[PDB]
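# Coordinates in review
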Amino acid sequence: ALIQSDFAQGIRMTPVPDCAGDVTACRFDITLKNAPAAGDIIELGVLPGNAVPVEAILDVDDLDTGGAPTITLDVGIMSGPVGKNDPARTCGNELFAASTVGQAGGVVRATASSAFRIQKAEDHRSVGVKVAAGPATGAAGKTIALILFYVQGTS
Amino acid sequence: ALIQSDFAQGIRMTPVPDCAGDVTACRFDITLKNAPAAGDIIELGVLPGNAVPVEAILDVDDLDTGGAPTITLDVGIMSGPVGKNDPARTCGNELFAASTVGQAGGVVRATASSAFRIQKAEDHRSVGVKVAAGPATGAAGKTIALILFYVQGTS
Amino acid sequence: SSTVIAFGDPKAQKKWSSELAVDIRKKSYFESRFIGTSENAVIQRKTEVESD
């Protein structure tokens, strides 16, 4: 399922730098109406045209309320254009790989070597989180929030 | 024994902020084609003008592919001009000191107080990588990469 | 964001060149200079069966 954020639909316009090499960042967040479950390709936010992540800070509230929680979040780039409500869209494990932020609601940063090696594209790609493993007891209305530090005009 | 990057020679350039207090980043990377050896100094990139590091994010891959890894990178500010190819140019231990990343491969951020208290200089200063301890079995084609959040117009 | 037409988007116009590149004909050695009905011609023409 696709749980679309404000930025993915386009109601909130994401910031894009003007100077080359400048660092910009807007926190991409949602308010989960329901309890997350495996397969939800949450389209948290969008990476603008010519940008590469330089640092990604992922913070969530306590997304599981069960002993030995299993919920894990994978953050990556998605294939199709932004805002297309088509289930045939796949996430990635680039920014984060089987991270365990949601077990205790902590904050972790990009700790994968592949995070900063993302290559450029010419069109607006969408950064979306996928719950690889379903939680033991899903939470009703907690918030998942990314923070992307992307730079334009890198060589 | 300098292994000069495209940034140091002058082929690939480095951004400079046009406003004081504006974090700008450009991932300084090389692709060294020889297994690093003890005493090698690698000139990743240039810290332009009146700028100071704020956050350093090393992105070295697996440099040791043998048994008990021994490599210990450390970075600093090299003394001489950016472009001179003199082998006798010293490297400090400011941003990282005996950093243990590269034994396994991954990302390590600044964890030494010296990384944030760098002083300005009117010239261009080049950030260098020194391999303090020789690899047990060096890996040939891997890449090291450092990212500087240097900001101009500080105090 | 900022508007981008991208490269593979269906809104990126393309223009076709009207003028054609051609393979120039291989120059034929036996041009009209040689093939002549007169006697002093390398490749004589026999005109017997043209009208008969």
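Residues numbered from 1 in each chain as written, not as in the entry; some residues may be left out. Chains lettered and ligands numbered in written order. Part of a larger assembly, values for the part shown. Heavy atoms only, no water.

Regarding how it was determined, this PDB entry cites cryo-EM in its header, along with a resolution of 3.7 Å.

What follows deals with the interface of chain A and chain B. Size of an interface: often given as the accessible area lost when the parts come together. Each partner contributes to the interface: chain A provides 15 residues, whereas chain B provides 18 residues. Here chain A packs against chain B, burying approximately 1,400 Å² in sum over the two surfaces, 50% of which is carbon and sulfur. Applying the counting criterion to the chain A and chain B interface returns three salt bridges. Ionic pairing is found between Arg-109 of chain B and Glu-55 of chain A, a salt bridge with its closest N-O pair at 3.5 Å. If you look at where chain A meets chain B, you find six residue pairs in polar contact. (Contact = heavy atoms within 4.5 Å. Buried area = accessible area lost by both parts, 1.4 Å probe. Salt bridge = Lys/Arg side-chain N within 4 Å of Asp/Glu carboxyl O. Polar contact = N/O pair within 3.5 Å; in protein donor to acceptor, adjacent residues only side chain to side chain.)

With that settled, the discussion passes to the sheet that holds strand β3 (residues 41-47) of chain B. Remark on secondary structure: sheet strands pair via backbone hydrogen bonds, oriented parallel or antiparallel. Residue and element names in this part refer to chain B. Pairing is mixed across the open sheet formed by five strands, whose spatial order is β1-β3-β9-β6-β7. Of all strands in the sheet, those with a lone pairing partner are β1 (2-4) and β7 (96-99), marking the two edges. Direction aside, neighbouring strands of the sheet carry axes that sit 25° apart on average. (Pairing = 2+ DSSP bridges. Helix = DSSP H or I, 4+ residues; strand = E, 2+ residues; numbered from the N terminus. Axes fitted to C-alpha atoms, helices over the stretch in contact; angles between N-to-C directions.)

Among the nonpolar cores identified, the biggest contains 41 residues, and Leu-58, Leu-95, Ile-144 and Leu-146 of chain A are the most heavily contacted of them. Here this core takes six residues from strand β4 (residues 51-60) of chain A, the largest share from any one element. Apart from residues no more than four positions distant in its own chain, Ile-144 of chain A is found in contact with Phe-28, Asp-29, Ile-30, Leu-32, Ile-42, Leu-44, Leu-58, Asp-59, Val-60, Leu-63 and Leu-73 of chain A. Listed in part, the 30 residues of the second largest apolar core include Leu-44, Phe-96, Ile-118 and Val-127 of chain B. (Core = buried A, V, L, I, M, F, W, Y, C linked by side-chain atoms within 4.5 Å. Buried < 20%, exposed > 50% of the residue type's maximum accessible area, 1.4 Å probe, protein only.)

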